[PDB]
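target07.cif (mmCIF, C-alpha atoms)
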```cif
data_model
#
loop_
_atom_site.group_PDB
_atom_site.id
_atom_site.type_symbol
_atom_site.label_atom_id
_atom_site.label_comp_id
_atom_site.auth_asym_id
_atom_site.auth_seq_id
_atom_site.Cartn_x
_atom_site.Cartn_y
_atom_site.Cartn_z
ATOM 1 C CA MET A 1 -6.958 -12.961 -20.091
ATOM 2 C CA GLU A 2 -6.957 -9.637 -21.886
ATOM 3 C CA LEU A 3 -8.433 -6.185 -22.427
ATOM 4 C CA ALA A 4 -8.614 -5.425 -26.138
ATOM 5 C CA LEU A 5 -8.910 -1.842 -27.346
ATOM 6 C CA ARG A 6 -7.154 0.257 -30.011
ATOM 7 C CA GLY A 7 -6.012 3.473 -28.354
ATOM 8 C CA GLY A 8 -7.352 4.799 -25.071
ATOM 9 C CA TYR A 9 -4.092 4.406 -23.080
ATOM 10 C CA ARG A 10 -3.537 7.174 -20.525
ATOM 11 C CA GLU A 11 -0.070 8.291 -19.629
ATOM 12 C CA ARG A 12 1.072 7.966 -16.021
ATOM 13 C CA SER A 13 4.413 9.042 -14.495
ATOM 14 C CA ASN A 14 6.556 6.399 -12.741
ATOM 15 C CA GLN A 15 6.197 8.466 -9.555
ATOM 16 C CA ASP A 16 2.362 8.606 -9.882
ATOM 17 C CA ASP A 17 2.283 5.207 -7.979
ATOM 18 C CA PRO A 18 5.002 2.879 -6.550
ATOM 19 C CA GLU A 19 3.207 -0.225 -7.823
ATOM 20 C CA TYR A 20 4.284 0.418 -11.437
ATOM 21 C CA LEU A 21 7.837 -0.531 -10.519
ATOM 22 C CA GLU A 22 6.552 -3.609 -8.637
ATOM 23 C CA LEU A 23 4.584 -4.665 -11.746
ATOM 24 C CA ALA A 24 7.682 -4.074 -13.918
ATOM 25 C CA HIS A 25 9.711 -6.423 -11.711
ATOM 26 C CA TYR A 26 6.957 -9.044 -11.745
ATOM 27 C CA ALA A 27 6.802 -9.012 -15.559
ATOM 28 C CA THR A 28 10.559 -8.923 -16.183
ATOM 29 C CA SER A 29 11.504 -11.705 -13.742
ATOM 30 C CA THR A 30 8.551 -13.902 -14.790
ATOM 31 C CA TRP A 31 9.264 -13.510 -18.519
ATOM 32 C CA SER A 32 13.056 -13.831 -18.276
ATOM 33 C CA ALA A 33 12.717 -17.139 -16.372
ATOM 34 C CA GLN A 34 10.960 -18.674 -19.436
ATOM 35 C CA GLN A 35 13.521 -17.640 -22.075
ATOM 36 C CA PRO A 36 15.687 -20.371 -23.696
ATOM 37 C CA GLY A 37 19.377 -20.262 -22.725
ATOM 38 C CA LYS A 38 19.020 -17.907 -19.755
ATOM 39 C CA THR A 39 21.039 -18.531 -16.574
ATOM 40 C CA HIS A 40 20.011 -15.421 -14.641
ATOM 41 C CA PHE A 41 16.948 -13.250 -14.057
ATOM 42 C CA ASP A 42 16.704 -10.043 -15.997
ATOM 43 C CA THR A 43 15.839 -7.076 -13.848
ATOM 44 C CA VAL A 44 14.406 -3.562 -14.236
ATOM 45 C CA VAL A 45 16.968 -0.772 -14.485
ATOM 46 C CA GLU A 46 14.316 1.949 -14.959
ATOM 47 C CA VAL A 47 10.639 2.357 -15.757
ATOM 48 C CA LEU A 48 10.741 4.536 -18.885
ATOM 49 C CA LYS A 49 7.017 4.903 -19.633
ATOM 50 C CA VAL A 50 3.733 3.918 -17.894
ATOM 51 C CA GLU A 51 0.409 3.834 -19.703
ATOM 52 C CA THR A 52 -2.837 2.366 -18.446
ATOM 53 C CA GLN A 53 -6.248 1.378 -19.910
ATOM 54 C CA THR A 54 -9.156 0.441 -17.566
ATOM 55 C CA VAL A 55 -12.547 -1.038 -18.385
ATOM 56 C CA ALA A 56 -13.176 -3.419 -15.491
ATOM 57 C CA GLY A 57 -9.661 -4.785 -15.270
ATOM 58 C CA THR A 58 -6.589 -2.712 -16.246
ATOM 59 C CA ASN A 59 -3.829 -3.033 -18.831
ATOM 60 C CA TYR A 60 -0.516 -1.693 -17.612
ATOM 61 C CA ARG A 61 1.704 -1.001 -20.615
ATOM 62 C CA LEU A 62 5.182 -0.476 -19.212
ATOM 63 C CA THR A 63 8.236 0.492 -21.205
ATOM 64 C CA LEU A 64 11.343 -0.618 -19.345
ATOM 65 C CA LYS A 65 15.116 -0.491 -19.480
ATOM 66 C CA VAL A 66 16.101 -4.120 -18.720
ATOM 67 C CA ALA A 67 19.459 -5.801 -18.041
ATOM 68 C CA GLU A 68 20.609 -9.191 -16.852
ATOM 69 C CA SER A 69 20.978 -9.413 -13.063
ATOM 70 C CA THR A 70 23.513 -11.482 -11.098
ATOM 71 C CA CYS A 71 20.695 -13.531 -9.544
ATOM 72 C CA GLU A 72 20.643 -17.109 -10.839
ATOM 73 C CA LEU A 73 17.336 -18.610 -12.044
ATOM 74 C CA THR A 74 17.720 -21.332 -9.386
ATOM 75 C CA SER A 75 17.368 -18.569 -6.757
ATOM 76 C CA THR A 76 14.266 -16.656 -5.672
ATOM 77 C CA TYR A 77 14.105 -13.307 -7.473
ATOM 78 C CA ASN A 78 14.381 -10.301 -5.172
ATOM 79 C CA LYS A 79 13.119 -6.878 -6.349
ATOM 80 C CA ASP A 80 16.063 -4.956 -4.822
ATOM 81 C CA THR A 81 19.005 -7.309 -4.221
ATOM 82 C CA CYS A 82 19.054 -8.461 -7.876
ATOM 83 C CA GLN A 83 20.351 -5.270 -9.424
ATOM 84 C CA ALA A 84 22.198 -5.201 -12.740
ATOM 85 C CA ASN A 85 25.816 -4.041 -13.001
ATOM 86 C CA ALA A 86 26.299 -0.725 -14.808
ATOM 87 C CA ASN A 87 28.461 -2.543 -17.361
ATOM 88 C CA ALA A 88 25.699 -5.060 -18.246
ATOM 89 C CA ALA A 89 24.054 -4.772 -21.673
ATOM 90 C CA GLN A 90 20.723 -2.926 -21.527
ATOM 91 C CA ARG A 91 17.644 -3.281 -23.743
ATOM 92 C CA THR A 92 14.382 -1.367 -24.035
ATOM 93 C CA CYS A 93 11.407 -3.701 -23.517
ATOM 94 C CA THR A 94 7.652 -3.158 -23.580
ATOM 95 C CA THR A 95 5.226 -5.280 -21.581
ATOM 96 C CA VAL A 96 1.437 -5.291 -21.250
ATOM 97 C CA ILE A 97 0.197 -6.742 -17.976
ATOM 98 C CA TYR A 98 -3.533 -7.323 -17.672
ATOM 99 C CA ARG A 99 -5.006 -7.429 -14.181
ATOM 100 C CA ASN A 100 -8.565 -8.548 -13.630
ATOM 101 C CA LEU A 101 -10.806 -7.673 -10.620
ATOM 102 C CA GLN A 102 -9.470 -10.655 -8.643
ATOM 103 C CA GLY A 103 -5.984 -9.055 -8.942
ATOM 104 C CA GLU A 104 -4.778 -11.944 -11.052
ATOM 105 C CA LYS A 105 -2.101 -10.842 -13.467
ATOM 106 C CA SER A 106 -1.428 -12.058 -16.974
ATOM 107 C CA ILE A 107 1.523 -10.941 -19.088
ATOM 108 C CA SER A 108 -0.242 -10.253 -22.410
ATOM 109 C CA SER A 109 3.034 -9.408 -24.125
ATOM 110 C CA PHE A 110 6.709 -8.831 -23.392
ATOM 111 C CA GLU A 111 8.898 -7.730 -26.290
ATOM 112 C CA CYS A 112 12.445 -6.327 -26.311
ATOM 113 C CA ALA A 113 14.030 -4.076 -28.931
ATOM 114 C CA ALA A 114 17.338 -5.235 -30.390
ATOM 115 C CA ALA A 115 20.340 -3.459 -28.869
#
```

As a first step, turn the structure in this file into C-alpha cells.
Amino acid sequence: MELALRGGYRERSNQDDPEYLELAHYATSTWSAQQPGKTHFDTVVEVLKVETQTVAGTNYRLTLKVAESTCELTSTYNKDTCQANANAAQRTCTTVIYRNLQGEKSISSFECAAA
C-alpha cells in the first residue's frame, strides 16, 4: 500500500524516463474520475518535478500542472487525445504513486494547490 520514509527522495528529470509522464496520466485521470461534480477527466499539461524513493517498491512523487480536458468521464481516457485547451484553468498538483514489485500501483496521495 505504501512506502513510508521521511526524506530520501531523489530528484529525476522528466526526460530521465518516458514512464514518468505515463504515471502522471494514470494518477490524474484515475483521481479526477473520483471527484464530486466532475464531468470531464483532468489531464496532465506538464510534469513539473519528478522525485523517487525505492526500498523494494518505489514511490513516484510527481508535481504536475493539471487542467480539465474535453474528454467526458463516460469516455475512455486517452493519454494524448484528451489534451486541455490553453484557455482552461490550470492548477499545480502533487501525487505520490506507490508501485510494488508486482507493478501494482496505488495512489497514496493526490493534492492540488488552490489557483

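Each of A:53, A:114, A:100, A:63 was checked against residue A:6 using all atoms listed in the file; the smallest atom-to-atom distance is that of A:53.
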
On this structure, which residues satisfy the PyMOL selection byres ((chain A and resi 10) around 8), written as a list in words?
-> residues 8, 9, 11, 12, 51, 52 and 53 of chain A

Given the choices A:35, A:4, A:42, A:15, which gets closest to residue A:78 if the distance is worked out from all atoms listed in the file?
-> A:42

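Nearest residue to residue A:7 among A:87, A:34, A:106, A:54 is A:54, counting all atoms listed in the file.
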
Nearest candidate to residue A:38 (options A:18, A:50, A:72, A:58; using all atoms listed in the file) = A:72

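Proximity ranking of A:89, A:107, A:71, A:47 relative to residue A:13 places A:47 first, based on all atoms listed in the file.
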
When distances are computed from all atoms listed in the file, which of A:98, A:88, A:56, A:24 shows the smallest separation from residue A:69?
-> A:88

Check what the PyMOL selection byres ((chain A and resi 113) around 7) selects in the file above and give those residues as a PyMOL selection string.
-> chain A and resi 91-93+111-112+114-115

Can you give me, as a PDB file with C-alpha atoms, in the coordinates of the input, the residues this file yields under the PyMOL selection byres ((chain A and resi 30) around 12)?
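To be explicit, this is the file written out as part35.pdb:
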```pdb
ATOM      1  CA  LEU A  23       4.584  -4.665 -11.746  1.00  0.00           C
ATOM      2  CA  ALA A  24       7.682  -4.074 -13.918  1.00  0.00           C
ATOM      3  CA  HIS A  25       9.711  -6.423 -11.711  1.00  0.00           C
ATOM      4  CA  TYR A  26       6.957  -9.044 -11.745  1.00  0.00           C
ATOM      5  CA  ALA A  27       6.802  -9.012 -15.559  1.00  0.00           C
ATOM      6  CA  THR A  28      10.559  -8.923 -16.183  1.00  0.00           C
ATOM      7  CA  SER A  29      11.504 -11.705 -13.742  1.00  0.00           C
ATOM      8  CA  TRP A  31       9.264 -13.510 -18.519  1.00  0.00           C
ATOM      9  CA  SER A  32      13.056 -13.831 -18.276  1.00  0.00           C
ATOM     10  CA  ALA A  33      12.717 -17.139 -16.372  1.00  0.00           C
ATOM     11  CA  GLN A  34      10.960 -18.674 -19.436  1.00  0.00           C
ATOM     12  CA  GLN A  35      13.521 -17.640 -22.075  1.00  0.00           C
ATOM     13  CA  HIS A  40      20.011 -15.421 -14.641  1.00  0.00           C
ATOM     14  CA  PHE A  41      16.948 -13.250 -14.057  1.00  0.00           C
ATOM     15  CA  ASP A  42      16.704 -10.043 -15.997  1.00  0.00           C
ATOM     16  CA  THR A  43      15.839  -7.076 -13.848  1.00  0.00           C
ATOM     17  CA  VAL A  44      14.406  -3.562 -14.236  1.00  0.00           C
ATOM     18  CA  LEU A  73      17.336 -18.610 -12.044  1.00  0.00           C
ATOM     19  CA  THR A  76      14.266 -16.656  -5.672  1.00  0.00           C
ATOM     20  CA  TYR A  77      14.105 -13.307  -7.473  1.00  0.00           C
ATOM     21  CA  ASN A  78      14.381 -10.301  -5.172  1.00  0.00           C
ATOM     22  CA  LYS A  79      13.119  -6.878  -6.349  1.00  0.00           C
ATOM     23  CA  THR A  95       5.226  -5.280 -21.581  1.00  0.00           C
ATOM     24  CA  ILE A  97       0.197  -6.742 -17.976  1.00  0.00           C
ATOM     25  CA  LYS A 105      -2.101 -10.842 -13.467  1.00  0.00           C
ATOM     26  CA  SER A 106      -1.428 -12.058 -16.974  1.00  0.00           C
ATOM     27  CA  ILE A 107       1.523 -10.941 -19.088  1.00  0.00           C
ATOM     28  CA  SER A 109       3.034  -9.408 -24.125  1.00  0.00           C
ATOM     29  CA  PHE A 110       6.709  -8.831 -23.392  1.00  0.00           C
TER      30      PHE A 110
END
```

Enter the distance from atom CA of residue A:2 to atom CA of residue A:16, in Å, rounded to one decimal.
-> 23.7 Å
